[PDB]
Amino acid sequence: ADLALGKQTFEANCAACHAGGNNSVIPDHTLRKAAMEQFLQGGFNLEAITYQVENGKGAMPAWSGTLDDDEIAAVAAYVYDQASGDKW
Ligand code: HEM
């Protein structure tokens, strides 16, 4: 995965709501591994993350009409990497 692209895509598009890997809209639905295991539909895995970034969920906007496939893949990988290595 192009983690470099993923990080810049993250800062540019997701940081207002998830700065520090947290969540400013619904505080407990952070991007930490344990939180995603509880709140992310499908659990903590790349497929679940990609699905939500593409399709959206409630106050979480859908990005399929803003970011392209290679950009979505990149950002999903970055989020997974950050969570599993707890790099936030
Ligand atoms: C940017 C493109 C972006 C990413 C990446 C992203 C990811 C993401 C994940 C993986 C979750 C799940 C967290 C969990 O614990 O279940 C999640 C959830 C929400 N998001 Fe998000 N998100 C991105 C962008 C944005 C933006 C710009 C906003 C703010 C307007 C935002 C908000 C939210 C909200 C609210 C949720 C919770 C969804 C729900 O379960 O109801 N995200 N995001």
Side-chain angles (χ1 to χ4, degrees):
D2 192 336
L3 292 184
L5 176 57
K7 190 176 79 273
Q8 301 301 143
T9 296
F10 188 86
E11 320 260 57
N13 304 98
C14 330
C17 297
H18 301 292
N22 300 307
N23 194 319
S24 64
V25 184
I26 303 172
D28 57 357
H29 291 53
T30 71
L31 308 192
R32 312 215 125 276
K33 176 173 159 55
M36 289 194 268
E37 290 185 339
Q38 305 179 44
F39 312 106
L40 175 59
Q41 182 177 316
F44 178 57
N45 52 73
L46 290 163
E47 299 80 22
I49 300 178
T50 307
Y51 178 75
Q52 188 151 302
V53 175
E54 293 264 17
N55 309 296
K57 221 268 184 49
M60 161 65 178
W63 300 88
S64 46
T66 307
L67 297 176
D68 72 14
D69 298 284
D70 55 83
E71 292 166 348
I72 291 174
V75 72
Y78 176 74
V79 170
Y80 189 89
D81 187 62
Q82 289 290 284
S84 60
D86 213 293
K87 308 175 174 179
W88 306 118

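Index from 1, following the sequence. The figures that follow rest on heavy atoms only: side chains count, while hydrogens, waters and symmetry mates do not. First listed ligand is number 1; within each ligand, the first listed atom is number 1.
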Give the numbers and elements of all ligand 1 atoms closer than 4.0 Å to a heavy atom of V75.
5 (C)

Student check: side-chain heavy atoms of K57 and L40 closer than 4.5 Å:
no

Under 3.5 Å: donor-acceptor pair, side chain of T50, backbone of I72:
no

On a heavy-atom basis, I'd like to know which of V25, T30, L40, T50 is closest to atom 15 (O) of ligand 1.
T30

After noting the C-alpha distance and the side-chain angles of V75 and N13, does the key distance pass the side chain to side chain contact (heavy atoms under 4.5 Å, CB included) rule?
CA-CA 10 Å; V75 72; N13 304 98; over 6 Å; no

Could you tell me the residue and atom name of the protein heavy atom closest to atom 35 (C) of ligand 1, and the distance to it rounded to 0.1 Å?
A59 CB, 3.5 Å

Listed once per pair and sorted, the ring pair (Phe, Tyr, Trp, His ring centres under 6.0 Å) pairs that draw on residues 31-50, sequence neighbours left out:
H29-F39, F44-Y80

Per-atom contacts, ligand 1 versus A35 - under 4.0 Å to a heavy atom
15 (O)

Tell me how many protein N, O or S atoms are closer than 2.8 Å to atom 21 (Fe) of ligand 1.
2

Pairs involving residues 50-77, ordered by first then second residue, that meet ring pair (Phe, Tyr, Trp, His ring centres under 6.0 Å) (sequence neighbours left out)
none

Atom pair CG/CZ of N23 and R32 - distance to nearest 0.5 Å:
12.5 Å

Hey, does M36 have a side-chain heavy atom less than 4.5 Å from the side chain of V79?
yes

Proximal ligand 1 atoms for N13, defined as those under 4.0 Å from one of its heavy atoms
27 (C)

Which residues share a side chain to side chain contact (heavy atoms under 4.5 Å, CB included) with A73, sequence neighbours left out:
none

